[PDB]
Structure formats: C-alpha cells, structure tokens
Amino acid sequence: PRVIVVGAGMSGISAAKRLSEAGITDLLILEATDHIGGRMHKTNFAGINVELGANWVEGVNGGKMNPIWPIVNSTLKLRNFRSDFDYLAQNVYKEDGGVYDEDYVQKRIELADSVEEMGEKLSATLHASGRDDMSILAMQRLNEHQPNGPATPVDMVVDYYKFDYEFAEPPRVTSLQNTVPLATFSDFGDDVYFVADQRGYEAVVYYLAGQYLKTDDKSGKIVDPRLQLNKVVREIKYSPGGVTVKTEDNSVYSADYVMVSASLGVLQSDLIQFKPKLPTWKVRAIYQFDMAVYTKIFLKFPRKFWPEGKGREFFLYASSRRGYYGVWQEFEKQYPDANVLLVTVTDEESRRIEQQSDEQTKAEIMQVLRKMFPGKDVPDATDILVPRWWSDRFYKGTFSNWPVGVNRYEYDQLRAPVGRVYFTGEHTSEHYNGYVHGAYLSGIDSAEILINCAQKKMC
C-alpha cells in the first residue's frame, strides 16, 4: 500500500522506517521545512551549534534501556555529559543580590521532595478511570495542609525547577495521576545526559532515516525521492477507499493511507484542513490535551562573571514573580571557552517573550543578571538567541503536557485513527508523552497499528 507520512521529525522517520521494515516501501514523506529532524534541531550561535529544541536524553541507567541511549552513546557516540543537580542548594540567588543560605535552601528542597514522594504514593492509589485524579497543586495542598502550594520566592523557584522545568506548565494545571511518577524515569533510570555535539542531537534522526532512505555515497545526504522537503500539507481528504493530500505549493498526492506526525499544537491550529472534518470525539480529545512551550534563551557575553566549578552548572533566580527568568545553566564543560549562558522560561512567559523583540528581552535579562551579581561588572550580552516555537506554524509549541481533567481514555482517543487517517508523534506516546524516546516509540507503535489493519485486516 502507498502511505503518505506527514512530517519528517523523529516520529515520522521512525514510522516510515517501521513500515519499510514490514515491506511497505511505497512511502511518501512530506516535510514542511527544508530539513528533517523537527523538534530535534541545532543552530549556530556565537560560533557554536546549540540545540534549539530537545537537548537531553532523559531516563538513563535504569532497569530498562532507553532506546535512544545506545544510539546516542554507542552508535553515534554523540558527545554528552550527565547532569548533576546535587548542588542546587548552593546556587539559588535572592531577588536582590547573592545567594540564599545553602542550608535553608536544602531544607526547602527536601521538603518539596518529600511532598512529591507522598504524591507518588497517593497517585498509586487512584483509579484507572481517572475519576479521582487531581492537579499536582491539589496534591501539594493536601500533603502540606495549606490553602496554597509553594508561595515564597524561594519555595516557588524550587517548585518551578521541580515541575515547570520539566513539563513547561505549572503544577496546578498538571494531572497528578499522569505525571507523578513519570514512567520515563521509572523504567529507564534517573539520570539525564546533556548532548553537546556539533553534529547535533538531530543526528539521531539522520541515522535512522539513512537506514532506509537512499543517501549519496559521497555526500551522505539523503537523496531518496520518497522524501520531499518544503512540502507544507494544507489539506487531507479521505474516504473509505483512500486519501488525497494537498500541499501549499499546489502539489496533490494520492495514497492508501496517511500517517500524520505534525505536533499536537499543529493539530490544534487550522494549518491542516481535514475533509471531511474530523469527528467530534476526535476534535475534543485534541483540544483538551495541552501543547506546552519551553523557551531556551541563549546569551553570549564578552567575558564571564558568574561562578564556575563543582556544582556550578545549574543555578536559580528566586524572583518574587513566579517563573521570571528562573532557571539558569552555564557550560563550562560543554562549550568550554564560550561565555555563554542559557536561561529557560515557559508557558505565559514564553508567549509574552516570543511576542516582543530580542532586544527587549535582552534588556530584561540584563537587569536580572545585574541584580544577581551586584558585586561584578556585568557586560551586556553581545548576542542572544530566543527560539520562537509557539509562533512557528509548523510546531505551535514545544511538547505536550497532560492536564488535570483528561483521563487515559480521552488520551487514547488522541492516538486513535479516523478511517484511513492515522496519527503519530510524542503526544500519542502511551507512557512517554513529551520525550524524544516517546516520539521514537510512537512512530513504531503507530506504524504497527496501520500494518495490522492494512496488511492483516485486523483493525
């Protein structure tokens, strides 16, 4: 059967690969941008390549092997480093200047950890139907006996680093049952390794693609006509006998099936028109799940002024405004000579910042740093890079997040095909939504569902 695959990010390339393996080689992969890899994407900033998107392989060293790991660490040997969060307590900056007392901070962190652990015990007792689910915030109130969760600047920044820095939305919006604990860590292990290689984390996608598409023997570039870039799908017509797909450049294609890998955010926009319209059950499941936004703002400076050394990699800024430029990282190991810093923001701050100029953002950031290092002469950053994933029509966000209120069944309707229209992507991952490994496994699972239906007539 001929199958069209929309998008060449991790899940599409992974699905097309699994299909090829089942012998379905009459594939046509239509990618909107001029390159493959999607949300795994590097860029040159200040003379070095940095990740605009995914940057870590998360869940390593546990009882099960994360499928992405061996590819990164062994096959490609991409250069990487294990992240150590053990010293945060020495690195939390007061709004006004200097760090807080390490011991006071270590205790707040412990407290927050213990609450989360009680949350894990509670979560384990909820019903599968999801009828007792609650937000993480609700769990925090219950466990600490208060009418509110973390509320002082220090408590809030710890709360942010613990939850928003991972999920990109606050605990109060997040489903407890479906995030605490996270399978990723539960199955694959607690460690995370930051990929810092000039070839880019995306190299993992290129490697997979190359196992089945044709590439130039000199170039190594993919040259298989089954892959077509700069193809923006804008309409998908389907019927019980097949599908027709139309691109923005006016091409029209026909196939037996279509496998849609665009992000949940793309699905929640009107970029692709379905004809007929998708059924209400499908539409509702789409709009109920969240497409979150995580913005990695890189900054380059004329010289260093922050600390470097053991436990110095990660540091927090405890603003009285929750989530305001709060999570910092310095790359003494990764980009040794650079003078680069990375501050991460999400959600509301991300949408606000995407909507303003880089210069305006640089100026806000400069005020924060000077507040943090009142004792130093802080030079203005020379360059800044603000990724605009929510504004990008091909992504509309960075990764899904499971909101309180959505149960497994509705989550499942997200993965559900509609006649011959199949779906894949990180938001369709049964237990690893949000992650690279989840996009990867989702491609395989989606492809297998299509295979059984198409090939064995078992749908």
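Each residue number is its position in the shown sequence, starting from 1. By rigid core we mean the largest C-alpha set that fits within 1.5 Å across both forms.
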*asked:* Out of 294 to 302 and 128 to 136, which one drifts farther from the shown form in 5 other deposited structures of this protein in terms of CA positions, with the fit done on the rigid core?
replied: 128 to 136
_Core-aligned Cα RMS comparison in 5 other deposited structures of this protein - stretch that moves more, 32 to 40 or 406 to 414_ = 406 to 414
*On average, are the C-alpha B-factors higher in 432 to 440 or in 21 to 29?*
21 to 29
*Higher average CA B factor in the deposited record is what I'm after, so tell me if that's 293 to 301 or 137 to 145.*
293 to 301
_Comparing recorded Cα B-factors across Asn230, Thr346, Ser83, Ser129, which one is largest?_
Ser129
*If you compare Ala54, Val406, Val418, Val60, which has the highest Cα B-factor in the entry?*
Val60
*asked:* Is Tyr335 in the lowest, middle or highest third of its chain when residues are ranked by C-alpha B-factor?
replied: middle
_Ranking the modelled residues of this chain by C-alpha B-factor as given in the entry, is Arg312 in the lowest, middle or highest third?_
highest
*asked:* By the recorded C-alpha temperature factor, relative to the other modelled residues in its chain, which third is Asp34 in?
replied: highest
*Relative to the other modelled residues in the chain, which third contains the C-alpha temperature factor of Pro181: lowest, middle or highest?*
highest
*Report the third (lowest, middle or highest) to which the CA temperature factor of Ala285 belongs, ranking only the modelled residues of the same chain.*
lowest
